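Structure first, then comments.
Counting starts at 1 for both ligands and their atoms, following the listed order. We number each residue from 1, following the sequence as shown.
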Amino acid sequence: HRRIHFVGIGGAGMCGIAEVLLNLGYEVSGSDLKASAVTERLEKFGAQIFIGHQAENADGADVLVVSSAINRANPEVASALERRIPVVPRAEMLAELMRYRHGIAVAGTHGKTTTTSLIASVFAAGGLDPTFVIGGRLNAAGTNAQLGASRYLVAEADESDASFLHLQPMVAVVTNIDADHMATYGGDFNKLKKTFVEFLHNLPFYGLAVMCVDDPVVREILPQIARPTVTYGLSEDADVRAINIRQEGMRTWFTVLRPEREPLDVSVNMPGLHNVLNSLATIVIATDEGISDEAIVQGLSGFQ
Ligand SMILES: Cn1nc(Nc2nc(N[C@@H](CO)c3ccccc3)nc3[nH]ncc23)cc1C(C)(C)C
Ligand SMILES: [Cl-]
């Protein structure tokens, strides 16, 4: 399959996915109701844009991507369904971009967005210009370059998303396991816990699981993970730990301890132990990736 057609390509979760597919070398087409600067940029990058939804727009396409559910009202979708052209939801296409890059999946019930942003900030301070996904929207710091150009893709992994168990990361964080999305799993918390184990087991044997052991449920499933693991938290037995937490204004300072490394003083410009924890998760991923202490310190403290 080589040509991908987006129905409603100007949509805010859609243009980013189309841009990354352009960057990967695919043929990309899309349709929208009104021309925009979004569809202008995509056309500049090689996308064939159609204005208005007519079934002839889906000709040549090997797969269709749609904004929400398969609403067969739209003629392009109906024409693809008739020809047995697969129609995948936006979130599934987004999730599969990780197979082409060194993917860092940030899972957990709370803190996915801030941790994803802190990781992106540290990797960028290291010159790695990563593409990152928060709230289904693809981002990167350097405006002019195409999304997906970087080796690295950092994405939120939401346990209530249909594509949760189809991410293929190299590294996965689990910040915490709460019951917010029990309904996704038949209102059963034990089923939810087992899904996070299944998720971590989608890492390859050379992958890395980053586990917050201050959360009691993360700590509970830890011995089930048959993948390389680094634990973090304020707990005294964690591999990567924060001590001597203090404040100077709205900035939090602390010392991070790491195996086989000297203590490193670090600050973040957000209050609360939950942001100390977001930073520790970041420090673990950046350390394992080989990023310098200077880029770690600059990425964390320069984060707005
Ligand atoms: C922006 N943000 N970032 C969060 N990050 C994390 N939260 C927790 N636990 C949460 C709840 O369990 C928590 C809340 C308060 C203090 C300590 C822990 N554990 C984590 N481990 N690593 C990262 C991380 C949480 C938040 C909210 C939305 C709750 C303000
Ligand atoms: Cl289908």
When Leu21 is tested against each of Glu96, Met93, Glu27 for side-chain contact (heavy atoms from CB on, under 4.5 Å), which residue passes?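 With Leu21 as partner, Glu96, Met93, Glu27 yield a single side-chain contact (heavy atoms from CB on, under 4.5 Å), made by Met93.
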Considering only protein heavy atoms, which is closest to [atom], and at what distance to one decimal place?
atom: atom 12 (O) of ligand 1; answer: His110 CD2, 4.1 Å
atom: atom 6 (C) of ligand 1; answer: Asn278 OD1, 3.6 Å
atom: atom 26 (C) of ligand 1; answer: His274 ND1, 3.7 Å
atom: atom 4 (C) of ligand 1; answer: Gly111 CA, 3.3 Å

Checking contacts here: is it the side chain or the backbone of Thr175 that comes within 4.0 Å of ligand 1, counting heavy atoms only? Could be both or neither.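 Looking at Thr175 and ligand 1, atoms from backbone and side chain both fall under 4.0 Å.
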Using a strict cut-off of 4.0 Å, indicate which atoms of ligand 1 neighbour a heavy atom of [X].
X: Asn176; answer: 6 (C), 7 (N), 8 (C), 9 (N), 19 (N), 20 (C), 24 (C)
X: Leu277; answer: 19 (N), 20 (C), 21 (N), 22 (N), 23 (C), 24 (C)
X: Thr114; answer: 1 (C)
X: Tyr232; answer: 21 (N), 22 (N), 23 (C)
X: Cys212; answer: 21 (N)

For the side chain of [X] and the backbone of [Y], is there at least one donor-acceptor N/O pair under 3.5 Å apart?
X: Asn244; Y: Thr255; value: no
X: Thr39; Y: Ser36; value: yes
X: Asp215; Y: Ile177; value: yes

Taking only residues at least two apart or on different chains, which pairs with a member in residues 272-297 satisfy ring pair (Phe, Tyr, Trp, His ring centres under 6.0 Å)?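 For residues 272-297: none.
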Please confirm whether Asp215 approaches ligand 1 to less than 4.0 Å, judged on its heavy atoms.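 The answer is no, since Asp215 has no heavy atom less than 4.0 Å from ligand 1.
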Could you report the tightest heavy-atom contact between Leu277 and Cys212, atom names first, then the distance?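 Nearest heavy atoms, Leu277 then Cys212: CD2-SG, 4.2 Å.
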Over all heavy atoms of both residues, which pair between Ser31 and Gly52 is shortest? Give the atoms and the distance, please.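 That would be CB-O, 4.2 Å.
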Would you give the length of the straight line joining atom CD1 of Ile285 to atom OG1 of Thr115, rounded to the nearest 0.5 angstrom?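 Output value for this atom pair is 8.0 Å.
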Counting only non-hydrogen atoms of the protein, does one fall under 4.0 Å from atom 8 (C) of ligand 1?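 Yes, there is one.
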